[PDB]
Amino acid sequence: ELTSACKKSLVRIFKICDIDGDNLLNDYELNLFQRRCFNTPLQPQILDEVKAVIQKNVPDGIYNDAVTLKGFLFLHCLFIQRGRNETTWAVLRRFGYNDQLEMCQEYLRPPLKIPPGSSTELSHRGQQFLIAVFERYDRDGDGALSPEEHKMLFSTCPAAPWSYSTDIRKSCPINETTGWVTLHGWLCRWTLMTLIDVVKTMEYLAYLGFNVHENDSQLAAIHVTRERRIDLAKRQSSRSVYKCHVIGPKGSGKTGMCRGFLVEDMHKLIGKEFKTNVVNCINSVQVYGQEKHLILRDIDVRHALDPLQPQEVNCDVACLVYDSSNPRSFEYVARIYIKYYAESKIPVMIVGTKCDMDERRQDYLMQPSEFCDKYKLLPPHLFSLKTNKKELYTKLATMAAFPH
């Protein structure tokens, strides 16, 4: 008696209402989500009468005064019969379903106008929800999601917002022992998505039941920030997520640099080949007592004569990487800083990779140290994976967060 489409909708609602991930709807959530749908508290005897019907008609449907999925599916399968289908509908309606039993548009994609210069970040409520969701699907209680638990978490979605093995595991901080995405990396991946694709973030937040849990639009999960001159405002809006475009020639080792931002032990990537193209890597660094997220975009390598798009040039801080151990490498960095960043307002950092081998002279006119001196840049940051030093990542974020 239950539609195949109706069961698909009801099973998602059960998962969202399952605030413990214990496959049960205990007394608290039943009363909580009662107010979400009907604006009234669940009356004690009504719940008792509901439980009596379930335990009678269907086995393994009630486990310790808590409605199981089967008993929950049956209960609504009952409602549509006895003439009160508007009770089932009011529930489906609150979780963003229309009459054709599809997810509504204005429920998934509410209007959000972002002025140029402004960035989109996760608000406090948005983070709290994402942390809460993370723990319900972390069964081992070790602060990490397995690939199986990751799929379970997005089972209420049409599909995952990203790959587990080819995205979040290579672009975000994971656990060294297990290899699974940590709570930290979880918030990191969402932070990345929120910044560059706010619409997709909100769409996936509704699927996870942010609108119902918070009793508000998913606009309350998005915090619009902007760099602004002093206006003596009450509520400050300073940025916390900075994007860094890493631009360099081929074989300049700028890929292994980005991956090193995600692990403490960097001496496991000395001679590692990356058979996986990660566009954006992300982690956090402390900048003057505050947590700041830095996104390292591995800009596609190309010929020096090949052009560069504004969406590839414009960023918060530009990191130009060359090979100090290669004489025909620095020419690229010199060519690009002049063409795109010489008259730009973007802070630029020149980075010399592989200092643990042999400092070779650059066949270019000026040397890297001389180039920075001329255009008033900081001396070429010596970088290597053997040293395990992460001062560069802290320095990059500090350049983006500050003048000039």
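All residue numbers are counted from 1 along the displayed sequence.
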Exercise. Looking at the deposited entry, does 88-96 or 324-332 carry the larger mean Cα B-factor?
Worked result: 324-332
Exercise. For the stretches 32-40 and 359-367, which has the higher mean C-alpha B-factor as given in the deposited record?
Worked result: 359-367
For this session: Specify which of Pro111, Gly248, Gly271, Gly209 carries the largest Cα B factor in the deposited PDB entry.
Result: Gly271
Exercise. Based on the PDB record, which member of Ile19, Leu385, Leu392, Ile13 exhibits the highest Cα temperature factor?
Worked result: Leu385
Exercise. Relative to the other modelled residues in the chain, which third contains the C-alpha temperature factor of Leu73: lowest, middle or highest?
Worked result: middle
For this session: For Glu106, return the chain-relative third of its C-alpha B-factor as stated in the PDB record: lowest, middle or highest.
Result: middle
Exercise. In terms of the CA temperature factor given in the entry, to which third of its chain does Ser118 belong: lowest, middle or highest?
Worked result: middle
Exercise. Taking the entry's C-alpha B-factors for this chain, is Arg239 in the lowest, middle or highest third?
Worked result: lowest
Seminar exercise, completed: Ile350: CA B-factor among chain residues, third -> lowest
